[PDB]
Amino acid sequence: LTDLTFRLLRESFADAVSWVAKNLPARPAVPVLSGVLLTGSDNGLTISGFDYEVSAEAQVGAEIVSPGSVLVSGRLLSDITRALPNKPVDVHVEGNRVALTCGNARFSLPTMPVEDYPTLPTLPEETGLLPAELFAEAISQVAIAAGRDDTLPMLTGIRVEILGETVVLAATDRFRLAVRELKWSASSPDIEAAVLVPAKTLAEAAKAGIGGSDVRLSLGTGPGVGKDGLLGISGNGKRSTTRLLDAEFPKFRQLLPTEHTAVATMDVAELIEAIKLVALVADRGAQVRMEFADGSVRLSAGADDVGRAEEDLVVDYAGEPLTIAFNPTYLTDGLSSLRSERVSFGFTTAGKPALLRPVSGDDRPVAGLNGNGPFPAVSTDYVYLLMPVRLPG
């Protein structure tokens, strides 16, 4: 009925467009799906994109001179708003072109047709709320373990388990398993469900609440959780929806040990640096070896043909000496995911998984730690379970 004309500061405009671009980084085959939709009414501007799998929308205050909507190239609008100086941006739709003016610069972009542009999905009912930073961090942590190979679709997702008081997030690529448990404010106390969500850009979607206290997870309420086949994530004028994966996740809980025959605690920053150093002589970046004993661990890599490397690091160790080897990338991935100063390793044999957990202040000590063991596992809200690789012998 009327043509859209609005006006707002560049930083706000750019940040809204950025939200959509970060949540939809790839370029779909269907051209119209590359469009961003601008809608102005009353005192607000909504900026959105959709590709049938992920939708993303930001809402910002704006001076709406004339209400309406327009579809324009997402790529161009992103490039332009990122490059502009911090001045007011005028946008005026006229015919099948949109005029975008900022200071002395004038752009005139072709409009795209909304005839076959899909309607954005509706957010399901709120399922619960989490602290904004905590959730964004939790997703970032576990996502490092997700598979990235579509030939095994079940591994490309982050498992999300809802249980009234808690949310559990899990991801695995068959070589590491990351599991995070968070407490939250659930709308329904008796709720129980589990879904599988594509991991590839879930870390970006997880930042929706940043700027505010909480982020809202929307999967539906009561019995019909997961029914819509979408996960909504929103907060602070930003939202997204992500189509769920209809694939079965491995049963991972049986893998989490409840006791260890050896336990080692050490400094994360030191260990990461030493791994990166000794791995410089590892061929194919295949393997680093760790010889744990009382008071110290020898980290080593290499062979007599290209070169050998080793470094001794202080460790607070319990049990019998153990030699165990790891993929150094998987190992530093785990260490970096801990987001803590110190790491505790829980071991059994050189051929069985190693359990990495962050060391906290409120951790209750392992009783009989100085004795023989087996040593009971310490309660933790994050674990990174890592398979070792076989030693050459």
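For every residue, the number given is its place in the sequence shown, counted from 1.
Exercise for the section: Going by the average Cα B-factor in the PDB entry, point out whether 279-287 or 178-186 comes out higher. Expected result: 279-287 has the higher mean C-alpha B-factor.
Problem - Which of 232-240 and 307-315 has higher mean CA B factor, as the PDB entry lists it - result: For C-alpha atoms only, the mean B-factor is higher in 232-240.
Exercise for the section: Can you pull the Cα B-factors for 320, 204, 116, 173 from the entry and say which is highest? Expected result: Going by the entry's C-alpha B-factors, 116 comes out highest.
Practice task
Sort 84, 247, 301, 98 by C-alpha B-factor from the entry and give me just the highest.
Solution key: The C-alpha B-factor peaks, among 84, 247, 301, 98, at 247.
Practice task
Taking the chain's C-alpha temperature factors as the reference, tell me which third residue 41 falls into: lowest, middle or highest.
Solution key: Tercile = highest for this residue's CA B-factor.
Practice task
Among all modelled residues of this chain, ranked by Cα B factor, put residue 352 in the bottom, middle or top third, i.e. lowest, middle or highest.
Solution key: Bottom third by C-alpha B-factor.
Problem - residue 208, C-alpha B-factor rank within chain (lowest, middle or highest third) - result: It belongs to the middle third of the chain when residues are ordered by C-alpha B-factor.
Handout entry: Ranked C-alpha temperature factor of residue 150 among modelled chain residues, by third
Key = Highest third, going by the recorded CA B-factors of the chain.
Exercise for the section: Comparing against every modelled residue in the chain, figure out the third that the C-alpha B-factor of residue 194 lands in (lowest, middle or highest). Expected result: Ranked within chain, residue 194 CA B lands in the highest tercile.
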